[PDB]
There are 2 protein chains.
Amino acid sequence: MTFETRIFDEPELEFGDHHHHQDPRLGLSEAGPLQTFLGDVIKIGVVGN
Amino acid sequence: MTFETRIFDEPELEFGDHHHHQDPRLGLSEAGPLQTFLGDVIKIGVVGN
């Protein structure tokens, strides 16, 4: 048969502090964001009733 | 005599946490700004040779 089948693996995603994992959820919960935020405050404004 | 002369006092500027003074240098050093920055970070970029 002239059919060539490939099964690629799940690609990795590089998180912060040189840690890589295939799941964004567990990867963020383990090592945090790639580019850290200098500070600790994110201010939110709400518009509605 | 024939003219009404008034010498006004030095006006008071309101600084943070209910403090007032006339000199902006001394008022800012001992009381701080009126609206405190919710955070601890100010990022400065430089452009030049």
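Heads up: the structure comes first, above all this text.
Residues numbered from 1 in each chain as written, not as in the entry; some residues may be left out. Chains lettered and ligands numbered in written order. Part of a larger assembly, values for the part shown. Heavy atoms only, no water.

> Honestly, the environment of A31 of chain B in this entry has me stumped. Any pointers?
Residue and element names in this part refer to chain B. Along the chain, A31 falls in the segment after α1 (24–30). Between the C-alpha atoms of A31 and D17, which are 14 residues apart in sequence, the distance is 7.3 Å. Aside from chain neighbours lying at most four places away, what touches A31 is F15, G16, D17 and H19. (Helix = DSSP H or I, 4+ residues; strand = E, 2+ residues; numbered from the N terminus. Contact = heavy atoms within 4.5 Å.)

> Looking at this structure, how should I read the interface of chain A and chain B?
Interfaces are often sized by the amount of accessible area the parts lose when they come together. At the interface, 5 residues of chain A touch 5 residues of chain B. Carbon and sulfur atoms make up 73% of the surface buried where chain A meets chain B, a total of about 370 Å² over both sides. Interface area lost by chain A to chain B is led by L38, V41 and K43 of chain A, which between them contribute 85%. Seen at the junction of chain A and chain B, the total is 0 salt bridges. In terms of residue class, the side of chain A that touches chain B is built from 3 nonpolar, 1 polar and 1 charged. (Buried area = accessible area lost by both parts, 1.4 Å probe. Salt bridge = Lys/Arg side-chain N within 4 Å of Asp/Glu carboxyl O. Nonpolar A, V, L, I, M, F, W, Y, C, P; charged D, E, K, R; others polar.)

> I'm lost on the relation of the copies chain A and chain B in this one. Help?
For these two chains of identical sequence, chain A goes onto chain B by a turn of 180° and a shift of 0.2 Å along the axis, with RMSD 0.6 Å. Taken together, the rotation angle and the small translation identify this as a two-fold axis. Taking the C-alpha atom as reference, chain A places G39 of chain A closest to the rotation axis, 3.2 Å from it. Most of the interface of chain A is mirrored in chain B: 100% of its interface residues are interface residues there too. (Least-squares fit on C-alpha atoms.)

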